[PDB]
There are 2 protein chains.
Amino acid sequence: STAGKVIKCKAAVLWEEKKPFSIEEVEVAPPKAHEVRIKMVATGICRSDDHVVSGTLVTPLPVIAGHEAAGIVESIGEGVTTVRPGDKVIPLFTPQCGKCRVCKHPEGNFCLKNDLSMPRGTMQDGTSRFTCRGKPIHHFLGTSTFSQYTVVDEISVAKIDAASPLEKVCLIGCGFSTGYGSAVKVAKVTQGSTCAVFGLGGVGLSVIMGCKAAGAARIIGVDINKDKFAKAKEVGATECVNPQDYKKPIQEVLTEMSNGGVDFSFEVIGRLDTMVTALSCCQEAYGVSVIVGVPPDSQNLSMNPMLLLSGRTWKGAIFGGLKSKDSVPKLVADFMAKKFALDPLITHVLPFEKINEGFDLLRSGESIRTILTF
Amino acid sequence: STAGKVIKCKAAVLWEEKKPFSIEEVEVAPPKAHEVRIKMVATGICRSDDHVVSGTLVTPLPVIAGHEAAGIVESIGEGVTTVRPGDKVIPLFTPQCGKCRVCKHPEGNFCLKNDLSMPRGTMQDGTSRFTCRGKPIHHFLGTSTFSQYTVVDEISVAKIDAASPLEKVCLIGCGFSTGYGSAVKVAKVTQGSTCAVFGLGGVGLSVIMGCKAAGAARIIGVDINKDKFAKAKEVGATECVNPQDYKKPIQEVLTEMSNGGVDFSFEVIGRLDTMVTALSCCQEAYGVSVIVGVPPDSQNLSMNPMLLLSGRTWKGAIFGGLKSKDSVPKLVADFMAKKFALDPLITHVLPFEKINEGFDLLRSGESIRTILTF
Ligand SMILES: NC(=O)c1ccc[n+]([C@@H]2O[C@H](COP(=O)([O-])OP(=O)([O-])OC[C@H]3O[C@@H](n4cnc5c(N)[nH+]cnc54)[C@H](O)[C@@H]3O)[C@@H](O)[C@H]2O)c1
Ligand SMILES: NC(=O)c1ccc[n+]([C@@H]2O[C@H](COP(=O)([O-])OP(=O)([O-])OC[C@H]3O[C@@H](n4cnc5c(N)[nH+]cnc54)[C@H](O)[C@@H]3O)[C@@H](O)[C@H]2O)c1
Ligand SMILES: OCc1c(F)c(F)c(F)c(F)c1F
Ligand SMILES: OCc1c(F)c(F)c(F)c(F)c1F
Ligand SMILES: [Zn+2]
Ligand SMILES: [Zn+2]
Ligand SMILES: [Zn+2]
Ligand SMILES: [Zn+2]
């Protein structure tokens, strides 16, 4: 009955930086050609969504944020072939168009159709599907999951198993896949190796899971919030360190602990200083450091390139380096087969209408992932 | 016989920064246990030796520099097993102790016994074998090849083919192996790829050689000195560009030429700016950039980590990533089997006594490699 019609629904609109979300009525246009309209079921609160609020991440406002989610297709536009009404789906904040030089490359994932590098806050066609108070509202990363209904381009959605528990698998849309992939695919963590993980939130925990799955012998968690250590150990950390406890810089501490530097390090926070610290702590001749955290907009880091000349490898990735549309359904299948766990990441559950409380929990340090249910 | 005796011989002593080498008599002590005294036959002038003169590289002075060379063993200390008097050898500025965690690592080559990171300018035992005018003179990288005789630790010397032409294979001691290995081993250049090489001196030409040997389809040379272009093309560059010819930054030019970024880039100059430019010009999702050049002491670069977050890989290496004592004899064997050419690197051959004139040729832009013959 709603196919081809505008849907009025509730969404969490961010009108201004540094302000609460406003849960209010929006109008969601029907899908155009090669677009998919989704009834949201669950969405996680990721720190990158908070970055939009804080201005760490710059994207056009006003906006409907949210990028870690799962739902059910309500309708499809003309020409859509990869999903149908009633399918369970995960929106893909990194698209997979399948046609660009990155999508065709054996390793790359950062499809050239992404709306991350130079955000416009639109659909692929440069327009918006959202109206609120009579005003157009921007999209976020082509996903905009903080709404009872969203519209996404086909290249930004993956069909997943029909029996999937959406209130769990939404985490495959960002935090789990990013961390796990960053360890297994990007870093290529080896059996017997020593890893250091900076930041023990949902993504860092997922990095630890990946390092443990890859066979690391030592996984050293690093966080300034010691309350994060117990869960990090539960998912595989062998030791945890708080930089605030030490007189020496933590790169020196980690070098000492690893008898000359770690094999793999990960920055999973979003600070320039910890990006350089994490590079430094990996072994100077053969270490690898991966940047996962999102730094503040337009700010440069300073480093000595001798850190690299000796032999270190430095890299970053979006979404764990995973080709999104290929990988998401496989990860859901593997979850269903108990190949990895998601429950350790979920510390709180709230209805969507309590989104602001969910952000308060993240900001206070108390939560890992809060899952919002529509 | 000279064995067991102090040798008085000619060497090029650097008494202070930014002055000519002084060609004069030095005393060379006999080798102690696990040391090798070598009669030099040929040594190349590498830009890294000029960095000692210019203060770009800090190492204790006064010093006998030189690190790219070949000669013949005059005598061995107690306990030496890997070379014998009369053997042709190449000194190894990056040692291979075989025992440290780096030597045991499948990939690493920057042996922990090196004298690069924190130079002492001595033998492994913390003493010097050189005196001049009654004063102790420092070693350089455990090699000190700007002397008719030097003494090196066993871990810093490789035996090579007895039939080798030492006036050519001395380049395997630094410039050829560095560039070639940086392409083939460190970057792992792939067949059909597009490469950009910043700096078309001896090392950059060797990077071209390696990119061509790895099957690159396009190899774009970049230099401010257009006189370098003809030789770059002879050894495999498909195109050359001079940044001075353009009104836009060269990373933009290279991104446009490569239809969105190169597969592999190499910084083979030693400037902070060109290191960031080289990284930027590689494709944002899957590009790899390798730092080869040596930058000025204690200077940090500035860069936006979004260049890495999108998926680039940034790395550096010493000596092409090659395990030195394993690799050098194999490279010489490969040269003797006509697997690569060295002649294109050699533009001048001078007696040792003309060392200063050789450095002047380098500084004026007129030479690639000058080989000094003893
Ligand atoms: N690359 C990607 O695709 C991608 C995907 C998802 C998240 N992100 C980013 O990854 C980062 C982590 O996200 P998250 O796990 O949801 O965030 P989070 O739950 O806020 O976790 C960050 C952790 O860092 C800790 N921390 C803060 N400062 C320091 C410090 N100075 N030293 C050590 N620990 C510190 C903090 O206590 C917290 O536990 C954020 O910057 C995200 O924006 C990137
Ligand atoms: N990593 C290693 O193990 C290693 C080994 C050997 C050499 N090096 C370094 O590698 C670098 C090159 O050595 P080399 O080939 O003997 O030196 P070289 O022969 O002086 O060549 C350098 C080239 O860079 C060119 N150049 C200078 N400025 C620019 C610019 N702004 N943009 C483009 N081109 C420019 C210059 O014209 C010259 O052709 C030096 O910094 C060495 O110290 C490192
Ligand atoms: O959490 C994933 C995520 C990122 F990794 C970004 F780089 C980004 F800009 C963003 F908006 C985002 F949501
Ligand atoms: O040319 C090789 C070379 C280097 F790569 C250095 F990093 C260095 F410090 C040095 F002295 C040197 F000779
Ligand atoms: Zn694509
Ligand atoms: Zn996220
Ligand atoms: Zn070693
Ligand atoms: Zn050199």
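To match Swiss-Prot, the residue numbers of chain A are left as they are there, and the shown ones run 2-375.
Recorded method for this deposit: X-ray crystallography, 1.3 Å.
Including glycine, each Cβ sits where the backbone N, Cα and C put it.
Features of the protein shown, as given by Swiss-Prot:
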- A:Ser2: N-acetylserine (MOD_RES)
- A:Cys47, A:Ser49, A:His68, A:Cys175: Zn(2+) 1 binding site (BINDING)
- A:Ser49, A:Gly200, A:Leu201, A:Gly202, A:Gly203, A:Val204, A:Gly205, A:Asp224, A:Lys229, A:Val293, A:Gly294, A:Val295, A:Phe320, A:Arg370: NAD(+) binding site (BINDING)
- A:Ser49, A:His68: alcohol binding site (BINDING)
- A:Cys98, A:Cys101, A:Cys104, A:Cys112: Zn(2+) 2 binding site (BINDING)
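Everything Swiss-Prot records as a feature, shown here on the structure.
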| residue | record | DSSP class |
| --- | --- | --- |
| A:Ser2 | N-acetylserine | coil |
| A:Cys47 | Zn(2+) 1 binding site | coil |
| A:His68 | Zn(2+) 1 binding site | coil |
| A:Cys98 | Zn(2+) 2 binding site | coil |
| A:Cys175 | Zn(2+) 1 binding site | coil |
| A:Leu201 | NAD(+) binding site | coil |
| A:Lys229 | NAD(+) binding site | helix |
| A:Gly294 | NAD(+) binding site | coil |
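Cβ environment of A:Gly205 (NAD(+) binding site): A:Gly180, A:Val198, A:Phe199, A:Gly222, A:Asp224, A:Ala233, A:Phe267, A:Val269, A:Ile270, A:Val293 lie under 8 Å away, each six or more residues apart in the same chain. Note: the Zn(2+) 2 site is recorded as A:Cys98, A:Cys101, A:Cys104, A:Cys112; in the same chain, A:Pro96, A:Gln97, A:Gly99, A:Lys100, A:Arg102, A:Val103, A:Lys105, A:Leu113, A:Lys114, A:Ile156 also have Cβ atoms within 8 Å of that site's Cβ centroid. Close contacts with ligand 5, defined as a Cβ under 6 Å from any of its atoms, occur at A:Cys112 among the binding-site residues A:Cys112, A:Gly205, A:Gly294, A:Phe320. With a cut-off of 6 Å between Cβ and the nearest atom of ligand 3, the binding-site residues A:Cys98, A:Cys101, A:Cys104, A:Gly203, A:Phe320 reduce to an empty set. With all protein chains in the displayed structure included, the most crowded Cβ environment within 10 Å among the recorded positions A:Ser2, A:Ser49 is that of A:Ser49. Least packed by the Cβ count within 10 Å, out of the binding-site residues A:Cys47, A:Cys98, A:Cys104, A:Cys175, A:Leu201, is A:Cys98. The Cβ of A:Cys101 has fewer other Cβ atoms within 10 Å than any other of the binding-site residues A:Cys101, A:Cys112. A:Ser2 (N-acetylserine) and A:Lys229 (NAD(+) binding site) are 47 Å apart (CA-CA, integer value). Annotation for the binding-site residues A:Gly203, A:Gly294: lowest Cβ count within 10 Å of the residue's own Cβ, A:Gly294. Using the Cβ center of A:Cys47, A:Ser49, A:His68, A:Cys175 for Zn(2+) 1, the list of other same-chain residues with Cβ within 8 Å runs, in sequence order, A:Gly45, A:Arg48, A:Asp50, A:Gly67, A:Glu69, A:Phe94, A:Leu142, A:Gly174, A:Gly176. Long-range Cβ neighbours of A:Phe320 (NAD(+) binding site) (same chain, at least 6 residues apart, Cβ-Cβ under 8 Å): A:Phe94, A:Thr95, A:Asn110, A:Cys175, A:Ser178, A:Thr179, A:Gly182.
Around A:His68 (Zn(2+) 1 binding site), taking its Cβ as the centre, 26 other Cβ atoms fall within 10 Å, counting all chains.
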